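1. This one is an experimental structure. Sequence first:
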Amino acid sequence: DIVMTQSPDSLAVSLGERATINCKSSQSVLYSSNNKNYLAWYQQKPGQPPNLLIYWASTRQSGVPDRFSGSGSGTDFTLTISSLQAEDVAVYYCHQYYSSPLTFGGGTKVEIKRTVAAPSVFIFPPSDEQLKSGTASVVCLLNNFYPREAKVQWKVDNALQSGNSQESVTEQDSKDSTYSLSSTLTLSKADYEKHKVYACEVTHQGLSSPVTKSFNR
Amino acid sequence: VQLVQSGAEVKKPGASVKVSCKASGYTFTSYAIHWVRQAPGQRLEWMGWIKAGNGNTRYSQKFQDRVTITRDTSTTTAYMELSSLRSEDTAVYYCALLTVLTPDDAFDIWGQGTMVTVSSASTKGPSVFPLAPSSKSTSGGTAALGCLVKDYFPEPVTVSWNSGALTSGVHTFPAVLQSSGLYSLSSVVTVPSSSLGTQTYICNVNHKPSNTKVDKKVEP
Amino acid sequence: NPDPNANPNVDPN
């Protein structure tokens, strides 16, 4: 087993800055008789399979933008992104094809640092179609904010709720480097019909005080 | 060069799964198709390869007794059977033409991946509900709308808007796991509020484990 | 030395 060890595990840099990812192989992957390093670099964005950037340690595959470059020889390899663009947010892996079994590194997650953006907050009552099933889902949407840290609280008839909601946050956006978050409050239809006011209160760095978005059933 | 895999599945502990990999756009018999799995939060794991023309194989020591890779040259398809499925086998399984480096050419292609979930829980298709645009979902001349894809198992569901013609402004959120053991996700899109009257917005929801293909028009 | 059968697809040339 050739162990491929990457460093750092993650790195955050601002748009246009240089990004350096290191990969060390636990034994040399250089064959002196042909002077080739049996190493490759892959980029994986979420929902996509790994995408080959570099092979033979430093040969960029056709179609790969010129800002990606590999260097190193033997055991110490370096992937450089000379000027990070927003779409480069991804996990980068090294890979050796020197010996069986083929192995991959643990990945380096590259993130963008950017200016504060407050969330745009929206609230969606349950559809009448869902209510026919005896359950009500209220959805609160926090759109295109940065940084990722955000707090959502649910209030029903002005009372703070606990235990009946779930959140999910997106990956970082490939175009504006923001995040979005959806929170769903789940109630039985009977409970939903018992109350008037449904509200979602959002705290975020871009807000000087919490924003509440609400509706009456 | 293209590799197209079969859809996600759920299988009980101790059962088998057989993932398919249809290739095209190149000479099938000339290269080896690898199988690589990506488990939750773990690094990619090479499982084995098969020479597509000849049929010879090599398996990782991990997956020696339990994996069988095969091919059919007439349909340009490779297969990977994994038996005695265990808890740790839940993962996304890729076939791939890993680093094909010839004198003539250099290419590297991956299938889209097949999520296999090892669980005794039953397959269930989602219910799709609209998140209608309203006065509570507007900001700065835009309106947010979406679809709530509730109560399905196993992962994943995929969502497109207007059959892939609407992509700008789309956020499809990672699924949440309810205490029931069922999943739910939301997909939202931000559109011009000025043209809600003339444009049509349809979420196309796919859940291949349950053969669910749903189109939901989302109206004010 | 490299194992050429680790990935048959690689021509070491």
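-> Received, thanks. Residues are numbered from 1 along each chain as shown, chains lettered A, B, ... in the order given.
2. Domain parsing of chain A, as residue ranges.
-> What curated CATH domains lists as the domains of chain A is A:1-113, A:114-217.
3. mind checking the end-to-end distance for the last one?
-> Distance across domain A:114-217, first residue to last, is 38 Å (CA to CA, to the nearest Å).
4. Could you confirm whether the lengthiest helix in chain A reaches chain B?
-> When chain A is parsed with DSSP state H, its longest helix is helix A:189-194. No. Helix A:189-194 lies out of reach of chain B by CB under 8 Å from any CB of the partner chain, never closer than 13.3 Å. Just so you know, the C-beta spots here come from the backbone N, C-alpha and C atoms, and that holds for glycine as well.
5. Mind listing what's buried along the next helix or strand along the chain from that helix?
-> Using DSSP states H and E, the helix or strand that follows helix A:189-194 in sequence is strand A:197-204. Within strand A:197-204, the residues scored as buried using 16 or more other CB atoms under 10 Å in any protein chain shown are A:198-202, A:204.
6. close to chain B, is strand A:197-204?
-> No. Using CB under 8 Å from any CB, strand A:197-204 stays clear of chain B, coming no nearer than 10.0 Å.
7. residues making contact with that strand?
-> A:118-119, A:121, A:123, A:125, A:138, A:140, A:142, A:145, A:149-158, A:183, A:185, A:210-217 (CB atoms under 8 Å, 6 or more residues apart in numbering or on different chains).
8. Mind checking which of those are buried?
-> Neighbour counting by 16+ other CB under 10 Å classes A:118-119, A:121, A:123, A:125, A:138, A:140, A:142, A:145, A:150, A:152-156, A:183, A:185, A:211, A:213-215 among the contacts of strand A:197-204 as buried.
9. State the distance from the residue of chain A positioned farthest from its centre to chain C.
-> Centroid-distance maximum for chain A: residue A:33 at 41.9 Å, with CA atoms, centre = their mean. Distance from residue A:33 to chain C, counting by CB to the nearest CB, to the nearest Å: 8 Å.
10. ok, now which ones touch that residue?
-> residue C:1.
11. Now it. Its backbone dihedrals?
-> Note on residue A:33: backbone dihedrals following degrees, to the nearest 10 are phi -70, psi -20.
12. can you pull the contacts of the residue nearest the centre of chain A?
-> Centrality entry for chain A: nearest residue to the mean C-alpha point is residue A:171, 3.0 Å, by CA atoms, centre = their mean. For residue A:171, the contact set (CB under 8 Å, 6+ apart) comprises A:46, A:89, A:179.
13. helix/strand/coil for it?
-> For residue A:171, the assignment made with DSSP: H, G, I helix; E, B strand; the rest coil gives coil.
14. who's in contact with the most centrally placed residue in chain C?
-> Most central in chain C under CA atoms, centre = their mean is residue C:4, positioned 2.7 Å from the mean C-alpha point. Listed by CB under 8 Å, 6+ apart, the contact set of residue C:4 reads C:10, C:12.
15. any idea what sits nearest residue A:20, other than its immediate chain neighbours?
-> Spatial nearest neighbour of residue A:20, chain neighbours left out: residue A:80 (5.7 Å); criterion: CB to CB, 6 or more residues apart in numbering or on different chains.
16. Nearest to chain C: which residue in chain A?
-> Residue nearest to chain C within chain A (CB to the nearest CB): residue A:100, separated by 4.0 Å.
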